[PDB]
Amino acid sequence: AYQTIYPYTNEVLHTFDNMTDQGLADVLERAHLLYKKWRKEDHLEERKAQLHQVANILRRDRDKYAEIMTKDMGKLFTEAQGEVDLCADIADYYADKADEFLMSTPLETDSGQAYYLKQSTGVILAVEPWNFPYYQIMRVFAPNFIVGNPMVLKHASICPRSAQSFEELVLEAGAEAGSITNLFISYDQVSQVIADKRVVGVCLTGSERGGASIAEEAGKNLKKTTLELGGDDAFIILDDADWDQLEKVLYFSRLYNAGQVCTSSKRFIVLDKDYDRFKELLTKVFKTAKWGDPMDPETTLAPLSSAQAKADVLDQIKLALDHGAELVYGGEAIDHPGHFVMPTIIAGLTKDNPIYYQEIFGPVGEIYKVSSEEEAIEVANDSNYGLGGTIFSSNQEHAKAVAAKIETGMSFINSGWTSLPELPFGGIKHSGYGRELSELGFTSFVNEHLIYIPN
């Protein structure tokens, strides 16, 4: 069912009706016709203006959209405001970059005249998750809208107001109906969407189980995909780390969005010499957490997004301890109807402990002790994931050199993750493939169309 249930109170705020098969067919036809219209007639300047207006309305109504996200999935209102801010920038970015990103590309050849165009292809299915309900949509809506690929959206079951309001936002901005349409549909209907010939690509952000299910169905139907999945990012503290600067980023690095971030700093990798010192430092930082009402500006730790999310995180902590890990800090129950998990730190994970290799989507710090920088890299790369990661080092060339040795899509130097419209975002291994944002995130579903005139 599609329901808004506030994670702070566990109470129902909204219930939404499912889309019928005929409603879905009607939406796909409308989207296909819009694709054809944008191919036949030049409406680029209108779409650029409309995307700027999306950003404008997000600015005007920021607190409205921020609260919608908090009420859907529980995140701190301040974090949700920041998410709106980033969405504003992404929309403005792709509208501003439209002409440059759509320009024909000459090809060097002495055999004739050659270039390629960057053209729309059709209707794109976006499958997006609850942890960043707006940002994950905007990352794919903005570039696809600019090139002229209408979008249909299947969002998380627990953020239906976010999903519905996003469609409403785009219509409010003046975009033609069909530019994006939210689909309150079943998994079986999703399969039908993927098999529909009007649909020409699927972009997914979410879990690797959802990713595998969707990518399998897309492959069956010859549909191109991009996958933005989870991570188990290594935050590697080198022998020349600045420990003052280190302390200042730790809370954000693991506890932002209550740790429910694919690029959360999930595996801290620390040298033996520094191990006791880091245990104490991370404990100090985690102790500062104040859980409670995510609408309250004093609150610095949100409840998790659902009862199941909380259960799963608690079970993972328990699994870790049952297989020999050390409980360093926390792990005690929070007595409140909201889906709260207290900041918890574990260490002593060995390779035969399942949690050594599992992503924990909650506020769980993990400390991996290593004996050398070589081993730090080995442990960092001994992962089924490879999304982000951090290198902490006061020597810039040292930091860059270690970063290049990590098998991962992103390396953040002396800092936890961030995202900006101009920076490509994506991973390797079970973290997925393809890139979103920057110019790399513009061409995923464009037809690079060669035109060749031989001499």
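Numbering starts at 1 and follows the sequence shown.
Is the mean CA B factor in the deposited entry higher across 192-200 or across 237-245?
The stretch with the larger mean CA B-factor is 237-245.
Would you tell me which stretch averages the higher CA B-factor in the PDB entry, 147-155 or 275-283?
Stretch with the higher mean C-alpha B-factor: 275-283.
Between 92, 382, 176, 312, let me know which has the highest C-alpha B-factor in the entry?
Answer, based on the entry's C-alpha B-factors: 312.
Quick one: which of 123, 185, 126, 87 has the biggest Cα B-factor according to the entry?
Result of the comparison over 123, 185, 126, 87: 185.
Looking at the C-alpha B-factor of residue 395, is it in the lowest, middle or highest third of its chain?
For residue 395, the deposited C-alpha B-factor lands in the highest third.
Comparing against every modelled residue in the chain, figure out the third that the C-alpha B-factor of residue 446 lands in (lowest, middle or highest).
CA B-factor rank for residue 446: lowest third.
Residue 139 - which third its CA temperature factor falls in, relative to the rest of the chain
Lowest third of the chain for residue 139's C-alpha B-factor.
Please place residue 323 in the lowest, middle or highest third of its chain by C-alpha B factor as given in the entry.
According to the entry, residue 323 has a C-alpha B-factor in the chain's highest third.
Chain third (lowest, middle, highest) by recorded CA B-factor, residue given as residue 288:
As the PDB entry reports it, the C-alpha B-factor of residue 288 lands in the highest third of its chain.
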